[PDB]
Amino acid sequence: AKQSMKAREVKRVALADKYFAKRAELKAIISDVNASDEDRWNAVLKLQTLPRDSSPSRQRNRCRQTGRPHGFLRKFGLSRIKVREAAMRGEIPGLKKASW
Amino acid sequence: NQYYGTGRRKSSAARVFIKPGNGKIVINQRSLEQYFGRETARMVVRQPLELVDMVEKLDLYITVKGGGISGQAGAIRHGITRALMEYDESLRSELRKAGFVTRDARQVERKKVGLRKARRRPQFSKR
Amino acid sequence: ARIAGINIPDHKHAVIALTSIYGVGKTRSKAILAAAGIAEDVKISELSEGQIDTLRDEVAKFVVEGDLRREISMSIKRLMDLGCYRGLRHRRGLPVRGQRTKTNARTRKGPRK
Amino acid sequence: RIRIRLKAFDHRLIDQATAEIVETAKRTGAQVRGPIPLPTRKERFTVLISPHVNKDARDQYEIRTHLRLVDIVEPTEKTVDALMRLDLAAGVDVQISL
Amino acid sequence: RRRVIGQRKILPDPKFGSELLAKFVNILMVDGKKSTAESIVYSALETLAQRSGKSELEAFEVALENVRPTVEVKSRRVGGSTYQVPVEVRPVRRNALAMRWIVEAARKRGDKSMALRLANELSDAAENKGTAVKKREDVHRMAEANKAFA
RNA sequence: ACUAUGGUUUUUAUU
RNA sequence: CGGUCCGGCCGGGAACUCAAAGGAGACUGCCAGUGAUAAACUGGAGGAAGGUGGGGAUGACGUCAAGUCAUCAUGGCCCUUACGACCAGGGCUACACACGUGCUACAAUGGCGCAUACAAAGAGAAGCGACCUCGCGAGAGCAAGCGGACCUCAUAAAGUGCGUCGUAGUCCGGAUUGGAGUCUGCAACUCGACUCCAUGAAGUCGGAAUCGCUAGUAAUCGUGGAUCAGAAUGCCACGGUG
RNA sequence: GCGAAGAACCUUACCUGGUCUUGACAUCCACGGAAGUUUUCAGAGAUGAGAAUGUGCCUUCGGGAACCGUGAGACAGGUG
């Protein structure tokens, strides 16, 4: 993935205190159907879906070596080809060829 | 004097002691009558003792652990042969000809990557 | 005899002689026969004359045959003065399943190309 | 009692970390629990063996973690203060509690 | 190619006393369910004696003699090999084939109640009409109509 | 030796 | 071997299990045959096992101007009011038939009710999940224990035992038309997973042809994890009977 | 059972309608605001405005980081 997408990779986590911390008590009740009336809070109802692309709904831990969101080893943060590449140098501590 | 033998079969592991004396059999520090006596042919605890024709001349003590109740008894078959080869030198060949001294490794081995059960490869058709 | 509608055989187990006919339900009929005291297990020989009609106010209750066929044909018929998404696919080889269209649809398309 | 944890990936480094707190103790006549290595942790990985196109051929790798607790009944400045300063041995994690 | 594997054998089982009774944990056994076949061993022969009771010395004297193999056929390719080559079977087949080599209806419309089935097959091998006749008696005419080569 | 038989595939970067 | 809540409970020690592992043993060596009294190959002996024991580990030179600059790496070449960068909605899931890759059934040693046992092997502090209530249930609330061989997922299924179907394209089989719900998400019409109850087709082993297999294998029945609103029959990890 | 372990958008190509052109990922120079809090109107939204309001960290008092804004060249950018 591009370096311009690697700048989006940090813009997507920049709203954590701006939209995703001051209304978290509302976020726990905003869609609960055990409540009076059919409308009670419309002036705050949209404020945590009002931000787009930079939302927890698009947050993914991603390959720390390619920017790809899929097909990577979460214990290393990177894909099969970069585990292979390091194993040919013996470079990952305690990691050794065996099948038991 | 006591004769000794062990046996292994599909996660089951047995050990057996045999003495010259009155005809008894005991298992797992308890009486045999408390969980044996319903087995449909009981060959695995009889046929080596039937080959040497001993009837009631030997006193047996057994310990067994691990796996399923059939393989526990099949593991004891090797214990009642290894503890029985010491009974008389001229019977060492007879238990061997009867197929009781030989063992096999037919129980399944370690998984070969990625083969589902280590002995079959993926299918195909057409050209 | 007379376990379901006017069907004249006195044959089959009490649930199998009542299920998969008249829309009365294949599993509903496994908690209904106790109105007539009829047991799910061991054969019947204590059944009094006309005691079998105790089931009529136990199946209806719910819709039965024609009232179920009308419930099924009513599915698209609550708005008809104006256009609706329920009508055009009802007369096409394209079902309302949200599925990949060019495979596994011959059961909706029928014979010939 | 004072208690320590010695953790490593290498099976001779874990014993080098043991030697600076168990031999240093036996060589002063200090009371010891004796040689106990404890059961070993391991985890397995399956890794694709081509860099390109081939998705079916793969190879396997192991990582094994050794954890010793050694036990201390006569703690000293030459042991419980010295294992937190060990520079001559790389790739080991020492943790201690009072 | 070069395979020379040792031949399989079975020992007489002391619960049934013979080698001919020792194979009904395999003949008409399915899905690896061996103790499910053990459930009906030798009691199936007492159920056969419910249909013709003549004791164990006569229990198989036609129910195997009428159905046992006698010839092995097919061609051998040596030029112009558009014929068949009949050879008489060896004594190691005297009790074989007749309880294994046909399933044409048993896997198609069943073969009646299982606990009664060996008492039916040991009676059908002594009735010798309809099913399993053609696959047996065809080689009693083939080996007389196609025998000019060996 | 060991069955008597079964025809077609555009010229083409060009190594 | 000793003591004794008479119990591995506890001093202490590995009988033999389990997990750690490491070693012995196999060399045609040894007795004979056959042969070019060479190597071989088959019997005998000692062996649990014998003649690469069976399985792993793997892939020498080299072709198809194979595919590939979406795994990288790179020279040249191309776009540059854009083929670059940023945005909203569409689209890629559009469908008149053709074929692989599979999957489920094509019932009656099949189906199910009730009672019972043993494998391995993995996940785990915005996580692994028991208990409890509310409800027909998905679920909504309430919420213990767990920091790993120590504690949640969690009474492996067939087989073992006691019983029951009604002979019928079957209580079979599943494509589907309806009714009513649970929940996420900017939103589920187009383009959703799950829950309860009405309805039910095709299907009875299959044609050229192409196919795995020499035995713990044909057959049959069981256990998790990566991905993580929703999503696979693939992948890797594992067993019981035969 | 393809490159490609999961679909409203996204990883993503393609298309239409908006928006920009030394752009902007990022480096040297320049340069104003704290990040933010309350809140209304247009637009499909990016953007573009209207009305309140905070003055933190750093603070050789000169001047910086966090988070934003905007300008000039050398340039480059590339989901080829």
# chains A, B, ... in the order shown; residues from 1 in each chain; ligands from 1
>>> residues_around(residues="residue 78 (chain B)", least_positions_apart="6", cutoff="10 Å", atoms="only C-alpha atoms (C1' of nucleotides)", output="MDAnalysis selection string")
chainID B and resid 5:9 14:16 44:45 48 84 100:103
>>> write_last_selection(atoms="N, CA and C atoms", output="PDB file, in the first residue's frame")
ATOM      1  N   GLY B   5       6.639 -58.622  33.007  1.00  0.00           N
ATOM      2  CA  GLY B   5       6.395 -58.220  31.615  1.00  0.00           C
ATOM      3  C   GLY B   5       5.499 -56.981  31.513  1.00  0.00           C
ATOM      4  N   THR B   6       5.665 -56.212  30.440  1.00  0.00           N
ATOM      5  CA  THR B   6       4.922 -54.977  30.131  1.00  0.00           C
ATOM      6  C   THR B   6       4.254 -55.046  28.750  1.00  0.00           C
ATOM      7  N   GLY B   7       3.344 -54.120  28.427  1.00  0.00           N
ATOM      8  CA  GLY B   7       2.649 -54.091  27.128  1.00  0.00           C
ATOM      9  C   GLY B   7       2.015 -52.730  26.818  1.00  0.00           C
ATOM     10  N   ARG B   8       2.035 -52.313  25.546  1.00  0.00           N
ATOM     11  CA  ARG B   8       1.538 -51.009  25.055  1.00  0.00           C
ATOM     12  C   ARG B   8       0.622 -51.178  23.837  1.00  0.00           C
ATOM     13  N   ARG B   9      -0.514 -50.477  23.797  1.00  0.00           N
ATOM     14  CA  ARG B   9      -1.506 -50.583  22.707  1.00  0.00           C
ATOM     15  C   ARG B   9      -2.430 -49.347  22.672  1.00  0.00           C
ATOM     16  N   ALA B  14       0.314 -51.315  30.148  1.00  0.00           N
ATOM     17  CA  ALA B  14       0.166 -52.367  31.151  1.00  0.00           C
ATOM     18  C   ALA B  14       1.520 -52.878  31.683  1.00  0.00           C
ATOM     19  N   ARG B  15       1.504 -53.416  32.905  1.00  0.00           N
ATOM     20  CA  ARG B  15       2.590 -54.152  33.561  1.00  0.00           C
ATOM     21  C   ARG B  15       2.041 -55.312  34.398  1.00  0.00           C
ATOM     22  N   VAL B  16       2.712 -56.462  34.351  1.00  0.00           N
ATOM     23  CA  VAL B  16       2.231 -57.741  34.886  1.00  0.00           C
ATOM     24  C   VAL B  16       3.343 -58.477  35.635  1.00  0.00           C
ATOM     25  N   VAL B  44      -7.571 -62.239  24.787  1.00  0.00           N
ATOM     26  CA  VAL B  44      -6.391 -61.428  25.147  1.00  0.00           C
ATOM     27  C   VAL B  44      -5.877 -61.650  26.582  1.00  0.00           C
ATOM     28  N   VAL B  45      -6.663 -62.273  27.464  1.00  0.00           N
ATOM     29  CA  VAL B  45      -6.255 -62.656  28.834  1.00  0.00           C
ATOM     30  C   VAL B  45      -6.243 -64.178  29.058  1.00  0.00           C
ATOM     31  N   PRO B  48      -2.422 -66.998  25.578  1.00  0.00           N
ATOM     32  CA  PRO B  48      -1.046 -67.330  25.952  1.00  0.00           C
ATOM     33  C   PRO B  48      -0.964 -68.370  27.100  1.00  0.00           C
ATOM     34  N   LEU B  84       5.654 -64.637  30.743  1.00  0.00           N
ATOM     35  CA  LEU B  84       5.397 -66.066  30.561  1.00  0.00           C
ATOM     36  C   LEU B  84       6.518 -66.784  29.781  1.00  0.00           C
ATOM     37  N   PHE B 100       2.459 -64.506  19.519  1.00  0.00           N
ATOM     38  CA  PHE B 100       2.243 -63.702  20.735  1.00  0.00           C
ATOM     39  C   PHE B 100       3.469 -62.895  21.187  1.00  0.00           C
ATOM     40  N   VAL B 101       4.669 -63.204  20.692  1.00  0.00           N
ATOM     41  CA  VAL B 101       5.925 -62.545  21.099  1.00  0.00           C
ATOM     42  C   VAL B 101       6.265 -61.384  20.156  1.00  0.00           C
ATOM     43  N   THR B 102       5.828 -61.461  18.902  1.00  0.00           N
ATOM     44  CA  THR B 102       5.924 -60.410  17.884  1.00  0.00           C
ATOM     45  C   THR B 102       4.981 -59.241  18.201  1.00  0.00           C
ATOM     46  N   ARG B 103       5.393 -58.019  17.850  1.00  0.00           N
ATOM     47  CA  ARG B 103       4.585 -56.794  17.901  1.00  0.00           C
ATOM     48  C   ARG B 103       4.598 -56.057  16.565  1.00  0.00           C
TER      49      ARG B 103
END
>>> interface_residues(of="chain A", to="chain B", cutoff="12 Å", atoms="only C-alpha atoms", output="list in words")
residues 98, 99 and 100 of chain A
>>> residues_around(residues="residue 32 (chain C)", least_positions_apart="2", cutoff="10 Å", atoms="only C-alpha atoms (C1' of nucleotides)", output="list in words")
residues 15, 27, 28, 29, 30, 34, 35, 36, 37, 38, 39, 54, 55, 58 and 59 of chain C
>>> residues_around(residues="residue 40 (chain D)", least_positions_apart="4", cutoff="12 Å", atoms="only C-alpha atoms (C1' of nucleotides)", output="number ranges by chain")
D: 7-11, 14, 36, 63-68; G: 19-20, 149
>>> residues_around(residues="region 92-95 of chain C", least_positions_apart="4", cutoff="10 Å", atoms="only C-alpha atoms (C1' of nucleotides)", output="list in words")
residues 87, 88, 99, 101, 102, 105, 106, 107, 108, 109 and 110 of chain C; 95 and 176 of chain G
>>> residues_around(residues="residue 98 (chain E)", least_positions_apart="6", cutoff="9 Å", atoms="only C-alpha atoms (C1' of nucleotides)", output="ChimeraX atom specification")
/E:64,67-69,125,136
>>> write_last_selection(atoms="N, CA and C atoms", output="CSV table (one decimal), in the first residue's frame")
chain,number,residue,atom,x,y,z
E,64,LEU,N,-22.9,-74.4,0.3
E,64,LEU,CA,-21.6,-74.0,-0.3
E,64,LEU,C,-21.3,-74.8,-1.6
E,67,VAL,N,-22.8,-73.4,-4.9
E,67,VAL,CA,-22.4,-72.0,-5.2
E,67,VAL,C,-20.9,-71.7,-5.3
E,68,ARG,N,-20.0,-72.6,-4.8
E,68,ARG,CA,-18.6,-72.4,-4.8
E,68,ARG,C,-18.0,-72.3,-6.2
E,69,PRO,N,-17.0,-71.5,-6.4
E,69,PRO,CA,-16.3,-71.3,-7.7
E,69,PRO,C,-15.6,-72.6,-8.1
E,125,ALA,N,-28.8,-69.9,-1.4
E,125,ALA,CA,-27.7,-70.7,-2.0
E,125,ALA,C,-28.1,-72.2,-2.0
E,136,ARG,N,-23.0,-67.1,-11.8
E,136,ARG,CA,-22.4,-68.4,-11.5
E,136,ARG,C,-22.5,-69.4,-12.7
>>> closest_atom_pairs(of="region 68-89 of chain E", to="region 3-13 of chain F", cutoff="12 Å", atoms="only C-alpha atoms (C1' of nucleotides)", output="JSON lines")
{"residue": "E:77", "atom": "CA", "partner": "F:3", "partner_atom": "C1'", "distance": 9.6}
{"residue": "E:78", "atom": "CA", "partner": "F:3", "partner_atom": "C1'", "distance": 9.0}
{"residue": "E:79", "atom": "CA", "partner": "F:3", "partner_atom": "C1'", "distance": 5.3}
{"residue": "E:80", "atom": "CA", "partner": "F:3", "partner_atom": "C1'", "distance": 4.0}
{"residue": "E:81", "atom": "CA", "partner": "F:3", "partner_atom": "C1'", "distance": 7.1}
{"residue": "E:82", "atom": "CA", "partner": "F:3", "partner_atom": "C1'", "distance": 8.3}
{"residue": "E:83", "atom": "CA", "partner": "F:3", "partner_atom": "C1'", "distance": 11.5}
>>> residues_around(residues="residue 18 (chain G)", least_positions_apart="6", cutoff="12 Å", atoms="only C-alpha atoms (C1' of nucleotides)", output="PyMOL selection string")
(chain B and resi 11-13+65-66) or (chain D and resi 39) or (chain G and resi 149)
>>> interface_residues(of="chain G", to="chain C", cutoff="7 Å", atoms="only C-alpha atoms (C1' of nucleotides)", output="PDB file with C-alpha atoms (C1' of nucleotides), in the first residue's frame")
ATOM      1  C1'   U G  93     -22.604 -10.163  -6.575  1.00  0.00           C
ATOM      2  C1'   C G  95     -27.895 -13.433 -16.697  1.00  0.00           C
ATOM      3  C1'   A G  96     -31.593 -16.877 -22.074  1.00  0.00           C
ATOM      4  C1'   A G 175     -34.758 -26.174  -4.115  1.00  0.00           C
ATOM      5  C1'   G G 178     -45.782 -17.942   3.623  1.00  0.00           C
ATOM      6  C1'   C G 191     -26.741  -7.048  -1.188  1.00  0.00           C
ATOM      7  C1'   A G 198     -47.441 -23.602   8.516  1.00  0.00           C
TER       8        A G 198
END
>>> interface_residues(of="chain B", to="chain E", cutoff="12 Å", atoms="only C-alpha atoms", output="number ranges by chain")
B: 39-43, 46-47, 50, 70, 98-99
>>> select_by_dssp(residues="region 8-91 of chain D", states="helix (DSSP H, G or I)", output="list in words")
residues 13, 14, 15, 16, 17, 18, 19, 20, 21, 22, 23, 24, 25 and 26 of chain D
>>> decode(residues="chain F", atoms="C-alpha atoms (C1' of nucleotides)", output="PDB file, in the first residue's frame")
ATOM      1  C1'   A F   1       6.791 -62.971 -33.550  1.00  0.00           C
ATOM      2  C1'   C F   2       1.813 -62.277 -31.074  1.00  0.00           C
ATOM      3  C1'   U F   3      -4.597 -59.274 -34.107  1.00  0.00           C
ATOM      4  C1'   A F   4      -5.529 -56.669 -41.021  1.00  0.00           C
ATOM      5  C1'   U F   5      -6.738 -51.046 -41.004  1.00  0.00           C
ATOM      6  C1'   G F   6      -7.117 -45.173 -39.402  1.00  0.00           C
ATOM      7  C1'   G F   7      -6.145 -38.762 -42.257  1.00  0.00           C
ATOM      8  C1'   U F   8      -5.537 -33.361 -41.123  1.00  0.00           C
ATOM      9  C1'   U F   9      -2.803 -28.936 -37.348  1.00  0.00           C
ATOM     10  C1'   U F  10      -1.985 -21.147 -42.370  1.00  0.00           C
ATOM     11  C1'   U F  11       3.334 -18.355 -44.215  1.00  0.00           C
ATOM     12  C1'   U F  12       4.609 -15.760 -39.622  1.00  0.00           C
ATOM     13  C1'   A F  13       9.406 -11.389 -34.702  1.00  0.00           C
ATOM     14  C1'   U F  14      12.690 -16.400 -34.029  1.00  0.00           C
ATOM     15  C1'   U F  15      16.632 -17.400 -30.608  1.00  0.00           C
TER      16        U F  15
END
